[PDB]
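Only one structure is covered here, and it is reproduced in the block below.
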Amino acid sequence: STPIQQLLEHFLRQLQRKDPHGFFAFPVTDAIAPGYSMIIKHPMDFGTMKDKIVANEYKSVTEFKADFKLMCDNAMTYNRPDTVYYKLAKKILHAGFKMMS
Ligand SMILES: COc1ccc(-c2cn(C)c(=O)c3cc(C(=O)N4CCN(S(C)(=O)=O)CC4)sc23)cc1OC
């Protein structure tokens, strides 16, 4: 595994620590979130990000950060502001970008 893979694995570990319930661990299913796939055109989650690192699909830190932001933006689009998912998405978006510097 390459230097970028090693760095991204480090960032991903640190980001996932901010989601102890694992709300962002796996793709959101329509069973858990009614109509999700018909509202969110480009789903993303931490599990998919892990698989993309292992497959060496991220060629820059910029691309990784864009998937992280996509994940958070999707949650802030689908969920109303008063939900646990919206609130956590906003919190980890800002904290995660600060952590990655
Ligand atoms: C199995 O554990 C979980 C895994 C995923 C979700 C989940 C993740 N994310 C990121 C979501 O955006 C999300 C939305 C959920 C949902 O069904 N909602 C929240 C938003 N409202 S809304 C549109 O009325 O604001 C509809 C119901 S479940 C879920 C929730 C889980 O249980 C606590």
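Letters A, B, ... go to the chains of the structure tokens in the order shown; residues in each chain start at 1; ligands are counted from 1 in the same order.
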
Legend entry - All residues 9 Å or closer to segment 60-77 of chain A, only C-alpha atoms, same chain fewer than 6 positions away omitted, as an MDAnalysis selection string: chainID A and resid 4 7:8 24 39:46 49 53 85:90 92:93 96:97 100

Interface rows for chain A against ligand 1: nearest pair, Å to one decimal, 7 Å, only C-alpha atoms and all ligand atoms, as a tab-separated table:
```
residue	atom	partner	partner_atom_place_in_ligand_line	distance
A:22	CA	ligand 1	4 (C)	6.7
A:23	CA	ligand 1	4 (C)	4.5
A:24	CA	ligand 1	10 (C)	5.2
A:28	CA	ligand 1	5 (C)	5.5
A:32	CA	ligand 1	28 (S)	5.1
A:33	CA	ligand 1	17 (O)	3.4
A:34	CA	ligand 1	17 (O)	6.0
A:75	CA	ligand 1	12 (O)	4.6
A:78	CA	ligand 1	23 (C)	5.5
A:79	CA	ligand 1	25 (O)	3.8
A:80	CA	ligand 1	25 (O)	4.0
A:83	CA	ligand 1	25 (O)	6.3
A:85	CA	ligand 1	12 (O)	5.4
```

Legend entry - chain A: residues DSSP assigns to alpha helix (DSSP H), reported as a PyMOL selection string: chain A and resi 3-16+36-39+46-54+61-78+84-100

Inset, instruction - Give me, please, the distance in Å between atom CA of residue 25 of chain A and atom CA of residue 13 of chain A, quoted to one decimal. - result: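 According to the coordinates, atom CA of residue 25 of chain A and atom CA of residue 13 of chain A are separated by 11.3 Å.
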
Legend entry - Nearest to residue 58 of chain A, chosen from A:101, A:36, A:3, A:84, with only C-alpha atoms counted in the distances: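 Counting only C-alpha atoms, the residue closest to residue 58 of chain A is A:3.
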
Inset, instruction - Please measure the separation of atom CA of residue 19 of chain A and atom CA of residue 52 of chain A, giving the value in Å to one decimal. - result: 19.3 Å
